[PDB]
Every structure is written in C-alpha cells, then in structure tokens.
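Only one chain is given next, in structure tokens, and it is the form deposited in one PDB entry.
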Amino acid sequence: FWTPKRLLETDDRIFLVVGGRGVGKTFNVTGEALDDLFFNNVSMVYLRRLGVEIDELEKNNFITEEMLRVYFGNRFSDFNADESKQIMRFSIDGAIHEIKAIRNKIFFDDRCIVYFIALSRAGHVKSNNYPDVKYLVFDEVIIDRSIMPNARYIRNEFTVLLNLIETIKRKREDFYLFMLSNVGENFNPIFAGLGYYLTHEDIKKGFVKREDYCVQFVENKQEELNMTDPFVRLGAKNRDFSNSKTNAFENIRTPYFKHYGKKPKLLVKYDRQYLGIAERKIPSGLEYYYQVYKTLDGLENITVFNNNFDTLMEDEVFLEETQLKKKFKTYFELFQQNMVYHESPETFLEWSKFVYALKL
C-alpha cells in the first residue's frame, strides 16, 4: 500500500517516488487530489514522455468507480455511467456530479480537472491554458530498459520539462510535482537535473529530504501469489517476467570514482565552473578522470573551450555545436558507458548536467 498524504504534510512541494511497481502510485496520487480538484476549483496535469504513452492511454478510466468509492467512501452513491459516451454520473454528499472525458481532457461538472500532456508535444502547449492547475504527475519518469529495449530520453529533456513547469505554473505558490518511476537508476537526465545521486544506502533509508525536492522509495508489497490460479503459476514459471516485478533496483548504474593529481588535458567553462578531463598513461592504454575546478589556479596555459559565446572572454576558443560534437563525442561516449573515473558524486552530477544538456 502507498499514499501521498504523508509527503503532502511536509513543506516540500516536489516529490520523487521510485519503486513500488504495481502498488498504484498513480491511482493514489490522483485519488488524494480528487477533493481539491472537485471542490477547491483546482486542476491537475498528467504528464508522459511520449505521445504514444498518452494516445494509447485510456482517459475514460483514469478516474474509476472504485477510486471514488475508496477515497469518498460512504459519501459516494448513485453511481451510473455511460462508457460509450465517456460520461460518469454519481453523487457525493447528495449533490449530482458528472465526469466527462473529451479528447485529452477530463471534466468534472463542465470544468476541466485533468490535463493530459506529452513532453514531446510540450512546445505547442506554450499557450497558458492552465490557470487552476495545482498538481503535476510525471508517471514512469525514468525509462525501464527491461520493459522497453530502445526508448530514448528527449533532447535536453530537463530544459523542456522546466519550461513546461513554468508554463503550467505561473506565480502560483500552491503547486505540486509528483514524479513517479517504476525503475530507479543513475545516468538519466531527470536525476541529473534534480541533482540526486542514487545510492543503496539511500534506498535502505526509504526517505530522503533535500533543499528543493523530496525523494521517497517504495517497498514493493509482499502480496501472496495464488497458486490455485493458473495465470499466477504461468507467470512464476517465466523467470524474466517474475524478476521484472522486483527489478526496480536491479541495477542502479553506480559510477567509478578515483582521484588523479595531475592537471587536466582540456577545460570547458560551464555554469561558473571549469570542467576538465585528465588522461593518465597506463601500459594497457589510458585512464580517464573527469574533474571540476572552481577556479583557473595552476591551469594558466591549458586551453579553455566555451560553449556560450556571450560569456566568452580572454584567450578561450569558441566551441560551436558542430565543433563540440567532433571532439567531445568520444569523451561523451566514455561518460555514458561506465568507463571513466569521477572525482566525487558531486562532480559526477555537474558533468551529467553538461553532457545531457549538450548531448545530440
């Protein structure tokens, strides 16, 4: 079982809930919000990375009779629904309420309470048609490689995400973000943008608080498997399917960490800092170290490459997008694969922001 009520008590307005596959995190987040959506004149936005995730989604059953029964209990009554017209009719507290699903929106008493959006299509939703939105739920935020073999994150995904947060949330203090992931691993833009490094010790804690967001890990429910049912036995016989259920933390993609004293081969100035790559000669080949330097101390003659022309100065060489791909592509490949040593987790996150921001 899982509920958002505990997190909503905390001051933080941003939550990352990872794990607990099949525990209905999306059901519970939507259910707890209902009272606000129905009667506090606030909306919700359901976000997905790709349009296909929403086009194939069954909007009509996003809100269910059972969901209304669980969250409103006895107050819920007189349920009658016309699935053919995507209309739900019921009574709460004796009042008559009707829920209608149209195109990519859900309406409660002729007022939109849920908006369905795809990050791929975020650019066209630049119109501010989101006045009353109080909740944003980004389901399946982290790609599952097991379930999907070749799913790719959006180019500069976090920048696209942050733009959508701003468009939907405008000078609105009362706003909430609920990123939900079935799988938790490192080396994803969402983790880099947040600044969160996933470690087994944090998973053991189960709850993690940070300056701008809160991270929670959900333990998969130990529900018994009925062996009288053949379908349960069939699933148990297939190991790949059975392992999937508990594969949330199968691999967290921990990176290699090592320290190299020697000065770096090259530097790139990004975000008030200089990122450096150091090559160490070893008999087999080369050992790569990725480092961050706060100031250009002891690096007088090392060339500095600047992605941004506006902040370009002194003897730095302007690196254009085509020129940058020519040289840092191999270094980027080394970063994507766990083939380089990182000075510390803090440095690893700075490098991740740069790679994913500029990745092509």
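We call the rigid core whatever largest set of C-alpha positions still superposes within 1.5 Å between the two forms. In case it trips you up, residue 1 is the first one in the sequence shown, and so on.
- For the pair 297-305 and 47-55, the record assigns the higher mean C-alpha temperature factor to 297-305.
- Between 34-42 and 323-331, it is 323-331 that carries the larger average Cα temperature factor according to the deposited entry.
- Residues shown: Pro149, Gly235, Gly285, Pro189. Highest C-alpha temperature factor in the entry: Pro149.
- Remark: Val23 belongs to the highest third of its chain, ranked by C-alpha B-factor as recorded.
- Placement of the Cα temperature factor of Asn243 within the chain: middle third of the modelled residues, per the deposited record.
- In this PDB entry, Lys204 carries a Cα temperature factor that places it within the lowest third of its chain's modelled residues.
- Sorting the modelled residues of the chain by their CA temperature factor places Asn226 in the middle third.
- Among the modelled residues of its chain, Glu157 has a C-alpha B-factor that falls in the lowest third according to the deposited record.
Here the subject shifts to the form deposited in another entry, a form of this protein not shown in this document.
- Superposing the rigid core between the shown form and the other one leaves a single residue from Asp174, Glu211, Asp240, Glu166 with a C-alpha shift of at least 2 Å: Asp240.
- Relative to the superposed rigid core, the position of the CA of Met227 differs between the shown form and the other one by 2 Å or more.
- Relative to the superposed rigid core, the position of the CA of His124 differs between the shown form and the other one by 2 Å or more.
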